[PDB]
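Residue numbers (the deposited numbering), protein chains in the order written: chain Q, 2 to 27, 27A to 27E, 28 to 105; chain C, 31 to 136, 150 to 309, 312 to 322, 322A, 323 to 354, 356 to 396, 413 to 457, 465 to 506; chain A, 192 to 243; chain D, 512 to 547, 572 to 664; chain B, 522 to 664; chain F, 523 to 557, 571, 576 to 659; chain P, 2 to 135.
In this text, a Cβ means the ideal position worked out from N, Cα and C, and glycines have one as well.
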Amino acid sequence: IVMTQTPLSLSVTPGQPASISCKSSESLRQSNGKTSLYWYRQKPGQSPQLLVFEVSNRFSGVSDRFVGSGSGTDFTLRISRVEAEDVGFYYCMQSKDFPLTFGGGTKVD
Amino acid sequence: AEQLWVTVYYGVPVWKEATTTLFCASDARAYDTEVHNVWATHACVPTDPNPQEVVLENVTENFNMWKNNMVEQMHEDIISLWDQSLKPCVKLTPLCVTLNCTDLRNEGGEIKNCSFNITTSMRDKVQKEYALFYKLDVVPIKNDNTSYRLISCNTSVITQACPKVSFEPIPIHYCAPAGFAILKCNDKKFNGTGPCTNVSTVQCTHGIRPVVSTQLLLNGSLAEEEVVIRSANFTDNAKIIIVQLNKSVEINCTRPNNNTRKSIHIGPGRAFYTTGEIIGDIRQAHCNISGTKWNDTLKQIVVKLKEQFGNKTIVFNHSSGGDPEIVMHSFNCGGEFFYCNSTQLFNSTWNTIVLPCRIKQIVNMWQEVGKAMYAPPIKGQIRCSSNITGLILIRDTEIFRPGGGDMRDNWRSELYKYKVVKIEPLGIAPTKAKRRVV
Amino acid sequence: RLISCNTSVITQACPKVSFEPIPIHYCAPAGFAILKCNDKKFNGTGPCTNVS
Amino acid sequence: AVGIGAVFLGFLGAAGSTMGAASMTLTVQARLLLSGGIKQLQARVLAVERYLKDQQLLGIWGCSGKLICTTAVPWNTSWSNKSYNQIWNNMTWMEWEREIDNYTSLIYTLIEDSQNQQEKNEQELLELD
Amino acid sequence: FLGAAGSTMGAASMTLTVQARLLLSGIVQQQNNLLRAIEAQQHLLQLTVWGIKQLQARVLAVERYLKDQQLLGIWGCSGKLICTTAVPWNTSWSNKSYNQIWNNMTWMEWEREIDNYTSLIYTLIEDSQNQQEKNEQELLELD
Amino acid sequence: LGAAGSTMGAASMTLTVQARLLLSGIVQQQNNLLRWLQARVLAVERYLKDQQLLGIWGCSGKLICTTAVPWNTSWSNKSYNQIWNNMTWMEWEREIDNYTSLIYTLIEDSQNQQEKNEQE
Amino acid sequence: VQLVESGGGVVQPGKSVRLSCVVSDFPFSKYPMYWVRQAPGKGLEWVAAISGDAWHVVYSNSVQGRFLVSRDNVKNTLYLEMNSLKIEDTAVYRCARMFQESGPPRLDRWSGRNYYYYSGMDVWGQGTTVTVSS
Ligand SMILES: *[C@@H]1O[C@H](CO[C@@H]2O[C@@H](C)[C@@H](O)[C@@H](O)[C@@H]2O)[C@@H](O[C@@H]2O[C@H](CO)[C@@H](O[C@@H]3O[C@H](CO[C@H]4O[C@H](CO)[C@@H](O)[C@H](O)[C@@H]4O)[C@@H](O)[C@H](O[C@H]4O[C@H](CO)[C@@H](O[C@@H]5O[C@H](CO)[C@@H](O)[C@H](O)[C@H]5NC(C)=O)[C@H](O)[C@@H]4O[C@@H]4O[C@H](CO)[C@@H](O[C@@H]5O[C@H](CO)[C@H](O)[C@H](O)[C@H]5O)[C@H](O)[C@H]4NC(C)=O)[C@@H]3O)[C@H](O)[C@H]2NC(C)=O)[C@H](O)[C@H]1NC(C)=O
Ligand SMILES: *[C@@H]1O[C@H](CO[C@@H]2O[C@@H](C)[C@@H](O)[C@@H](O)[C@@H]2O)[C@@H](O[C@@H]2O[C@H](CO)[C@@H](O[C@@H]3O[C@H](CO[C@H]4O[C@H](CO[C@@H]5O[C@H](CO)[C@@H](O[C@@H]6O[C@H](CO)[C@H](O)[C@H](O)[C@H]6O)[C@H](O)[C@H]5NC(C)=O)[C@@H](O)[C@H](O)[C@@H]4O)[C@@H](O)[C@H](O[C@H]4O[C@H](CO)[C@@H](O)[C@H](O)[C@@H]4O)[C@@H]3O)[C@H](O)[C@H]2NC(C)=O)[C@H](O)[C@H]1NC(C)=O
Ligand SMILES: *[C@@H]1O[C@H](CO)[C@@H](O[C@@H]2O[C@H](CO)[C@@H](O[C@@H]3O[C@H](CO[C@H]4O[C@H](CO)[C@@H](O)[C@H](O)[C@@H]4O)[C@@H](O)[C@H](O[C@H]4O[C@H](CO)[C@@H](O)[C@H](O)[C@@H]4O)[C@@H]3O)[C@H](O)[C@H]2NC(C)=O)[C@H](O)[C@H]1NC(C)=O
Ligand SMILES: *[C@@H]1O[C@H](CO)[C@@H](O[C@@H]2O[C@H](CO)[C@@H](O)[C@H](O)[C@H]2NC(C)=O)[C@H](O)[C@H]1NC(C)=O
Ligand SMILES: *[C@@H]1O[C@H](CO)[C@@H](O[C@@H]2O[C@H](CO)[C@@H](O)[C@H](O)[C@H]2NC(C)=O)[C@H](O)[C@H]1NC(C)=O
Ligand SMILES: *[C@@H]1O[C@H](CO)[C@@H](O[C@@H]2O[C@H](CO)[C@@H](O)[C@H](O)[C@H]2NC(C)=O)[C@H](O)[C@H]1NC(C)=O
Ligand SMILES: *[C@@H]1O[C@H](CO)[C@@H](O[C@@H]2O[C@H](CO)[C@@H](O)[C@H](O)[C@H]2NC(C)=O)[C@H](O)[C@H]1NC(C)=O
Ligand SMILES: *[C@@H]1O[C@H](CO[C@@H]2O[C@H](CO)[C@@H](O)[C@H](O)[C@H]2NC(C)=O)[C@@H](O)[C@H](O)[C@H]1NC(C)=O
Ligand SMILES: *[C@@H]1O[C@H](CO[C@@H]2O[C@@H](C)[C@@H](O)[C@@H](O)[C@@H]2O)[C@@H](O)[C@H](O)[C@H]1NC(C)=O
Ligand SMILES: *[C@@H]1O[C@H](CO[C@@H]2O[C@@H](C)[C@@H](O)[C@@H](O)[C@@H]2O)[C@@H](O)[C@H](O)[C@H]1NC(C)=O
Ligand SMILES: *[C@@H]1O[C@H](CO)[C@@H](O)[C@H](O)[C@H]1NC(C)=O
Ligand SMILES: *[C@@H]1O[C@H](CO)[C@@H](O)[C@H](O)[C@H]1NC(C)=O
Ligand SMILES: *[C@@H]1O[C@H](CO)[C@@H](O)[C@H](O)[C@H]1NC(C)=O
Ligand SMILES: *[C@@H]1O[C@H](CO)[C@@H](O)[C@H](O)[C@H]1NC(C)=O
Ligand SMILES: *[C@@H]1O[C@H](CO)[C@@H](O)[C@H](O)[C@H]1NC(C)=O
Ligand SMILES: *[C@@H]1O[C@H](CO)[C@@H](O)[C@H](O)[C@H]1NC(C)=O
Ligand SMILES: *[C@@H]1O[C@H](CO)[C@@H](O)[C@H](O)[C@H]1NC(C)=O
Ligand SMILES: *[C@@H]1O[C@H](CO)[C@@H](O)[C@H](O)[C@H]1NC(C)=O
Ligand SMILES: *[C@@H]1O[C@H](CO)[C@@H](O)[C@H](O)[C@H]1NC(C)=O
Ligand SMILES: *[C@@H]1O[C@H](CO)[C@@H](O)[C@H](O)[C@H]1NC(C)=O
Ligand SMILES: *[C@@H]1O[C@H](CO)[C@@H](O)[C@H](O)[C@H]1NC(C)=O
Ligand SMILES: *[C@@H]1O[C@H](CO)[C@@H](O)[C@H](O)[C@H]1NC(C)=O
Ligand SMILES: *[C@@H]1O[C@H](CO)[C@@H](O)[C@H](O)[C@H]1NC(C)=O
C-alpha cells in the first residue's frame, strides 16, 4: 500500500499549536478493532523514539499536548503549543500488512 | 468370496444443492453515533469477517449464474430493508393540494415555487406556504389557469424517509449459516454456466456494495485484464448483455446549486421538509466524464463483443422507449437522486463529456408500484466521484442499445461465482468387517 | 391549547391497564449464571471476597 | 497484519480427494456442522432439526458417539458393480453419493430391523445363566 | 456447579464425583418445569416482549448444550466425566511442572494459561486419536 | 401404541416402534412455505432430555439395560408375577408415580457416580 | 533495555556478512523482531521480520531472497545475514523490538492454517552501518 504525508517543512518557534497529518491510500482498520498507525519521532543523528503507538493512546515519557485522531483514511497528529525541542523529523508508520511502509518524515525547525 | 457388511460413516464430505437463508454480515465500524445507515440497519450483524478459503483441487461442480437463488434473496431483502424503514417516517397524504406556482428568478426545471393552505397538526386553521418544486413531479390541472398538483397523489401512499438515516452503500458480506458451505469458481475464464475446475470454499462472500443504478453499474467489482461479457442465450434478442470490462472509467457528477435547510409545517410530532433556498444563482447539475477513456473504451469492447460470430458489423446505439425515468440514466449520490441523459455515450464504431442531468424529488420505489419514498437534501452542493465496471445492453449492423429494468442483473454480475450447498454428513459403505456378536 | 401539539403525537393510554410495580426476577438462561458479592463495605467498582 | 499457510486441513478440504484420504478427515466436517428480522431464528432451528436427525439415525444403529463403525449387514453386490479397490482408491465421495442414491432407503431399513433390532432380542435373552 | 471455584485442581477432583455436582440434572429438573404448559394455557395471550426473549433464551439453552455434547461425542468420550486420551502432552504448551498445575493452582487462572493453545488441542485429539483409531479398529475387523 | 393392553413381559416387543415415532412423527409440512415453531423446538427438548438422562444412567443407545441398584420394597412390595404376567404398563406407572424422582437420584449415584469410583 | 548490534563495517559488491544484535533483559522468545533501513538523507525502509518461535519470516520485495535472518532464543541473539550486496544497500541498519507482546500462533478452526500477529516497533537499537563500494 501507499501512505505519504504533508507538509514536509514546518520551521517554527515555540508558543503556538499546529498539526501534522498523514494521508492514507488503503484504509486501515484491522479486524481486532483498531487502526494500526504508529506515529513517532527521531532526532538528528539518533535512532527514533516512540511518540504514540496508537492514534488514541500514548507512550511513557510523553507530554500531554500530543494528540492524534483520524478516520480510516484521514489521519492527523496535532501538537498543541509546539515545544522548543520539537526538532528533527516526524514519521507516520502504518502496520496494516506487508511491506509496511512509512512517510517521508516531516522536518520541523 | 468373503462376506461383506455395511459400515456407517459420519461427517462424510458430500453435498446436494439446497436453497436456504443467508444472513447479512456487514461492516461494524462507525455504526454508532447518528449513523442510522439503512443498509447496515445499525450494522446488521457486527462480524467484520475474516474470509478464509480452502482450495479443493479435485472437484468439479456444474455452476449456473442464471438459475442462482442468492440474487433472489437480495431483491427480497432490499425492499424489505426499505419497508421497515419506510414505516415510521412521515406520511405525506394531506399535501395533495391545488397550487398557484410562479416563475422563480435566478430550460425546464426549477421555475415554479408554489403555495397551498394546510392545517396538519394544529387542526384549527389552514395556512399558505412557500416551497421549492422541480419539474417531474407536478401537473398543470384542468379548468384552471396555472394550477399544479403532485403526479402521484392517486397512487398508494407517499411516505418520505427520515433525515437521520443514510443510504450509503457500505459493502455487505454474505456469510453462510451452519451446515452450508458457499462455494466459488476459481477459473477466470468462467463464461457464466457449465463446470469449473478447482472450486474453493469460503465462509463468507467478498465485498458487495448494494448500489442502485440503471443502465450502468457504479461502484462495482472488476475482473482481470481481459474484458468478459456474458448473457443467457447470447443469440436471443430480448436478453440482457452483462458487460464486465477490465479497467475502471472514472465519473464526476455534481449539483452546483447551493441548496439549504428549510422549515415546512409540522405533522403530529412530524416535521416535514421541502428544499430550502438556493444561494441566488442556478447552475444545472451535470455528470462530467473524461471522454477520452470512454472513447477508448467502446473500441475495446468490440474486441470481445465479436468472437462469437464473423468479423463484421458492430455498432453502438442509444436507448429508446417510454418516459425518461427508464430512458435517462438513473443512479443515486449521497441521499440524492439523479436522472442523467446518456444519449451522447452511444455512437457507433467500426472494426471531457458533460451530460445534462435531471433531478426529481418524488421518487418511486424501485420495483413495486404503489408507495414511493421521498427525500429533500442537506445543505450545500453535492459531489461524488465514482467508477464504472459495467453496463447493460440489449440486442436488436447488429444493434446494441442500453437496456435495463432489473438490478438483480447487476447482482447477477456481482454473484456470478457462488453456490450454496448443504452438507449431508451421514454416509455408508461396505467392507469385510462386522460387529462383534455374542 | 395543549402543551405538546407541535412536540409529538399525544397518545392516550387505555384506562383498563395497570401501573403497579411488581418485582421482576431476572433469571439468566440455562448454562449461564449470575454472580453476587456480599461485602457490606463495597465501593461499587472494586473486587469482592464472598462472591455467592 | 497476520497470516500463515494451512496446517491441518480445511472445511470440505477432502471433497475432491479419494475415500482413503478423506477417511482421516471427518472431524472438520463433524465439528462445524452445528455452530457456524426473525429470519435468523428460522435458520437456527433448521440447523438444529437437521442435526438431531443424523444424530438419531446413528443412535438406532448401535453406532452413536462413534464416527465410524461396522455392522453385520452384508453388502449386496447388486447394489454396486464397482470393484473394491476402485472404490477405496479412485472414487470421490461426491460422485459416490450419486451412485447409491436410489438404494439408500433399502439400506437404512436393512440396518435397524435387520440387525440392531435383532441384536437386542438376542442380547436380552443371553441372560438366565 | 461452581462450589469449588476457589479450590485447587488437585482437590476439586475429589468433590467432582458428584455428577459435576449434578450439573445436567439441574436442567432436566428445570425443563420439566420450564415446560409448564401455562404458556399453552394462554397461547401467551399475545406475542409479548418477554416471549420474544424467552424464545431467544431457550435456543441458547439448546445450542450451547449441544456444543458440549458434540465435542464430548467426537472425542471418544461420550457421556463420561473423566476420560483419558492418547494424545501426548507437549511441554511447549505449558512448561509448568506437575504439582504446580494440580496442587498449587485454581481453575480460572489455568484457563488463561492455555486459552491461546486451546484450539490446537481440539484438533490434536480428533485427527490424532478419534479419526485415527476408527480406521485401525476397522482393520482389526478385516480379519 | 399397539401393545398398550399387553402385560409388561409382552409389550416389551414393541419398544422400538414407540421410540422411533416420538420424534416428529411421520414428517408433515410437505414443503408448502407459500403465503407467524415453538412446538417444534419443544419436541427436540423432550427428546434430548431423555438421551442425556440415559447418558448419565450409563445406558445410551440401548433400550433395556440392567443396574447394580437393588429394589426397595417400600416403593411397592408387589412381587414378581403379581404384576409381570398380570398387569399392563399404565397401571404400573400408577403405582410408582409418587416415588419417581426418588428413583432417579439412586440410579444416578449408585450406578454411574458409583462406577466412576471403579475406573482407576 | 540495552539494544545494540555488531559486525558492521564496509565491504565490496558480491560479498556477504552477518550482523549480530543482542538484547538484554526481556524474555526474547516471547517477542518478534524486525529490521529497518534508514538511508542517509532519506526516510525509512522496512527490511524483515521474524516470529517469536522463529517460524515465520517475511522479507521486503527489494531484498527478497538475498538476505537471511534467524534467532537464538537461548543465546538471546539476532542475526541479519546478507548476500549479493549492492551499492544502494549502503545505509543504517537498526535492530528493533515489537511494541506489544505477541501470542502463540492462532489456528483458525475453519481452515487448518496458523496465524502469527505482527505489530510495530518501540525500541530501536542504535545500529551498525554497512557500506558497499570499491
Ligand atoms: C494469548 O494471546 C494474547 C494475544 O492474542 C489474543 O488472543 C488471540 C486468541 C487472538 O484473538 C488475538 O487477536 C488476541 O489479541 C496475548 O495477549 C497479549 O498479552 C501481552 C501480555 O503477556 C500484552 O503485552 C503487553 O502489552 C502492553 C501494551 O498493550 C496494551 O494494549 C493492549 C491492547 O491495546 C492491552 O490488551 C494490554 O493489556 C495493554 O493495555 C505492552 O506495553 C507491554 O509491554 C511492556 O511491559 C512488559 C512488562 O514489563 C515489558 O517486558 C519487560 O521488558 C523489560 C525490558 O527489557 C525486561 O527487562 C523485562 O524482563 C520484561 N518483562 C517483564 C515481565 O517485566 C515490555 O518490554 C514493555 O515494557 C515497557 O517497555 C517500554 C520500552 O522500554 C518502557 O517505556 C520506557 O519508559 C521509561 C520510563 O518512562 C523511559 O521513558 C523509556 O524511554 C521508555 O521507553 C515501559 O516503561 C515498559 N513498562 C514496563 C512495565 O516494563 C506488554 O507486553 C499484549 O498487549 C497482549 N495482546 C497482544 C495482541 O499481543 C496473551 O499473552 C496470550 N496468552 C499467553 C498465556 O501467552
Ligand atoms: C511441541 O510443539 C513444538 C512447537 O509447536 C509449534 O508451535 C505451536 C504453537 C504450533 O503452531 C505448532 O504447529 C508449531 O510447530 C513442536 O516443534 C515443531 O516441530 C516441528 C517438527 O515436526 C518443526 O518443524 C521443523 O522445522 C524446521 C524449520 O523449518 C523452517 O525453516 C526451513 C529452513 O530452515 C532455516 O534454514 C536457515 C539456513 O540458513 C536457518 O538460518 C540460520 O539460522 C541460524 C540460527 O539462527 C544462524 O543465525 C544462521 O546465520 C542462519 O543462516 C534458519 O534458522 C532455519 N529456520 C529455522 C526455524 O531454524 C524452511 O525450509 C521451512 O519452510 C521452515 O520455514 C525444519 O528444518 C525441520 O525439518 C528438518 O527436521 C526434520 C525432523 O527433525 C527432518 O526429518 C528433516 O529432514 C529436516 O532436516 C522441521 O520441518 C517445527 O519447527 C517445530 N516448531 C517450532 C516453533 O520450532 C514440537 O514438535 C511439539 N512436540 C512434539 C513432541 O511434537
Ligand atoms: C463510489 O465510491 C466513492 C468512494 O469509494 C463514493 O464517493 C464518496 O461518497 C460519499 C457519500 O457522499 C462522500 O462522503 C461525503 O463527503 C462530504 C465531504 O466531506 C469532506 O469534509 C469532511 C470535513 O471533515 C472530511 O472529513 C471529509 O473527508 C471530506 O473531505 C461530506 O460532507 C458528506 O457528509 C455529509 O453527510 C453527513 C451525514 O449526516 C452530514 O452530517 C454532513 O454534515 C455532510 O453534509 C459525506 O460524508 C465521499 O466524500 C465520496 N468520496 C469522494 C467523492 O471522493 C461514491 O459515493 C460511490 N458512488 C456512489 C454512486 O455512491
Ligand atoms: C388558500 O387560502 C387563500 C385565503 O386564505 C385563498 O384565497 C382566496 O380564494 C378565494 C377563492 O379561491 C377568493 O374568493 C378569495 O378572494 C381569496 N382570498 C385572498 C386571495 O385573500 C386561496 O384560494 C386558498 N388556496 C387554495 C385553497 O388552494
Ligand atoms: C486453481 O488453484 C490455484 C491454487 O491451487 C489457484 O491459484 C490461486 O489464485 C488466487 C487468485 O489470485 C491467488 O490469490 C492464490 O494465491 C492462488 N493460489 C496459490 C496457492 O498461489 C487458481 O486460481 C485456481 N484456478 C485456476 C483456473 O487455476
Ligand atoms: C438527451 O440528449 C439528446 C442528444 O444529446 C437529445 O436529443 C436531441 O437533442 C436535440 C437538441 O435540442 C434536439 O433538437 C433533438 O430533437 C433531440 N432528439 C433527437 C432524436 O435528435 C435529447 O433531447 C436529450 N433528452 C432526452 C430526454 O433524451
Ligand atoms: C487430488 O488428486 C490427485 C490426483 O489426481 C491426488 O494426488 C495423489 O496423491 C497421492 C498421495 O500421496 C499420491 O500417491 C499420488 O501419486 C497422487 N497422484 C498423482 C497423479 O501424483 C491428490 O492427493 C488429491 N488431493 C487430495 C487432497 O487428496
Ligand atoms: C460473606 O457473606 C456470607 C453471607 O452469610 C449470610 O449472612 C446473612 C446476613 O444477614 C445471614 O442472614 C445469612 O443467614 C447468612 N447465610 C446465608 C447462607 O445466607 C457470610 O456468611 C460471610 O461471613 C461473608 N464473608 C465475609 C468475609 O464477611
Ligand atoms: C390520477 O388521476 C388522473 C386524472 O386527473 C386529472 O387528469 C390529468 C390529465 C390532469 O389534468 C390532472 O391534473 C387531473 O386532475 C389520471 O390521469 C391518473 O391516471 C390517475 N392516477 C392513477 C389512477 O394512478
Ligand atoms: C501456589 O502457592 C504458593 C505458596 O507456596 C509456594 O509454592 C511453591 C511452588 C514455591 O513457589 C514457594 O515459593 C512457596 O512455597 C503461592 O506463592 C503461589 O502464588 C501459588 N500459585 C501458583 C504457583 O500458581
Ligand atoms: C396566484 O398569485 C398571484 C399573486 O399576485 C395572483 O395575482 C394570481 O391571481 C394567483 N393565481 C391563482 C390561480 O390563484
Ligand atoms: C391565464 O392568465 C393570463 C394572464 O393572467 C391570461 O393571458 C390567460 O388568458 C389566462 N388563461 C385562461 C384564463 O385560460
Ligand atoms: C460456456 O462454456 C461451456 C463449455 O462447454 C459451454 O458448454 C457453454 O455453452 C458456454 N456458455 C456460454 C454462455 O457461452
Ligand atoms: C438462442 O437463440 C434463439 C432464441 O432463443 C433460439 O432459436 C435458439 O435455440 C437459442 N439457443 C439456445 C437456447 O441454446
Ligand atoms: C474527476 O475529478 C478528479 C479530481 O480532480 C479528477 O482527478 C478526475 O480526472 C476527474 N474526472 C473527470 C473530469 O472525468
Ligand atoms: C485490458 O486492459 C489493458 C490495459 O490495462 C488493455 O491493454 C487491454 O486492451 C484491455 N483488454 C481489452 C479486451 O480491451
Ligand atoms: C442507433 O439506434 C438509434 C435508435 O436506438 C437509431 O435512431 C440510429 O439511427 C442508430 N444508428 C446507427 C448508426 O445504427
Ligand atoms: C465539467 O466539465 C466542464 C467542461 O468539460 C468543465 O468546464 C468543468 O470544470 C467540469 N466540472 C467538474 C466539476 O468536473
Ligand atoms: C475508481 O478508479 C480509480 C482509477 O485508478 C481507482 O484507483 C479507484 O480505486 C476506483 N475506485 C474504487 C472504489 O475502487
Ligand atoms: C474501592 O476500593 C478499591 C480497593 O479495595 C479501590 O481501588 C477503588 O478505587 C475504590 N472505589 C472508589 C470509587 O474509589
Ligand atoms: C386383549 O384381550 C383379549 C381377550 O380378553 C386377549 O386374548 C388379548 O391377548 C388381550 N391383549 C393383550 C395384548 O394381551
Ligand atoms: C428404603 O429402604 C431403607 C432401608 O435400607 C428404608 O430406611 C427407607 O425407608 C426406604 N425408603 C423409603 C422411601 O421408605
Ligand atoms: C390378572 O389380574 C386380574 C385382575 O382382576 C385377575 O382377574 C387375574 O386372575 C390375574 N391373572 C393372573 C394370571 O394372575
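- Item | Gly113(P) CB to nearest heavy atom of ligand 21 below 7 angstroms | As a working mapping, residue 113(P) is identified with position 112 in the seventh sequence. The answer is no for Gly113(P).
- Pair every Cβ in the stretch 110 to 130 of chain P with every Cβ in the stretch 651 to 660 of chain B, then say whether three or more of these pairs are closer than 8 angstroms. no
- Query: What does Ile515(D) reach in chain P if we use C-beta pairs closer than 7 angstroms?
  - Reply: For the purposes of this step, residue 515(D) is taken as residue 4 along the fourth sequence, with counting starting at 1. Neighbours of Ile515(D) on chain P, chain order: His57, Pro106, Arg114, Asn115, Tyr116 and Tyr117.
- Local conformation of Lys227(C) per DSSP, three classes: Mapped onto the second sequence, residue 227(C) falls at position 184. It is a strand residue.
- Where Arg480(C) falls, given that 16 or more other Cβ within 10 Å makes a residue buried: Reading the second sequence from its first residue, position 412 is the one you call residue 480(C). Buried, since its Cβ has 16 or more Cβ neighbours within 10 Å.
- Query: Since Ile603(D) meets chain B, which of its residues come closer than 7 angstroms, beta carbon to beta carbon?
  - Reply: The residue labelled residue 603(D) in the question sits at position 68 within the fourth sequence. Result: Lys655 and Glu659.
- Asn188(C) CB to nearest heavy atom of ligand 12 below 7 angstroms: Working through the second sequence from its first residue, we reach residue 188(C) at position 145. Yes, Cβ of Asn188(C) sits closer than 7 angstroms to a heavy atom of ligand 12.
- Which whole-angstrom value describes the C-beta separation of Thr320(C) and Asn302(C), a residue pair presumed to lie in contact below a C-beta threshold of 8 angstroms? On the second sequence, position 275 is the one that residue 320(C) refers to. On the second sequence, position 259 is the one that residue 302(C) refers to. Confirmed, Cβ separation roughly 5 angstroms.
- Query: From the beta carbon of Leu663(B), is the nearest beta carbon of chain C less than 8 angstroms away?
  - Reply: The sequence position of residue 663(B) within the fifth sequence is 142, counting from 1. Answer yes: the Cβ-Cβ gap between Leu663(B) and chain C drops below 8 angstroms somewhere.
- In chain order, what residues have a CB nearer than 7 angstroms to some heavy atom of ligand 20? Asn234(A), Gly235(A), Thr236(A), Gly237(A) and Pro238(A)
- Query: Which of helix, strand or coil does DSSP assign to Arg503(C)?
  - Reply: Counting from 1 along the second sequence, the entry for residue 503(C) is found at position 435. Correct three-state label for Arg503(C): coil.
- Item | Length-filtered (3 minimum) beta strand (DSSP E) runs lying within the stretch 610 to 661 of chain D | none
- Query: Rounded to a whole number of angstroms, what is the C-alpha to C-alpha distance between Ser195(A) and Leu116(C)?
  - Reply: Here residue 195(A) refers to the residue found at position 4 of the third sequence. Here residue 116(C) refers to the residue found at position 86 of the second sequence. For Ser195(A) and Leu116(C), the distance between alpha carbons rounds to 25 angstroms.
- Task: Would you list, in chain order, the members of the stretch 49 to 60 of chain C that have their beta-carbon closer than 8 angstroms to a beta-carbon of chain D?
- Result: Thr50, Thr51 and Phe53
- Message: Looking at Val23(P): is its Cβ nearer than 8 angstroms to the Cβ of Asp90(P)?
- Response: Taking the first residue of the seventh sequence as position 1, residue 23(P) is located at position 22. Taking the first residue of the seventh sequence as position 1, residue 90(P) is located at position 89. Not closer than 8 angstroms, so no.
- Just to confirm, are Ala97(P) and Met34(P) a CB contact at a threshold of 8 angstroms? Position 96 of the seventh sequence holds residue 97(P). Position 33 of the seventh sequence holds residue 34(P). For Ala97(P) and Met34(P), yes; Cβs fall inside 8 angstroms.
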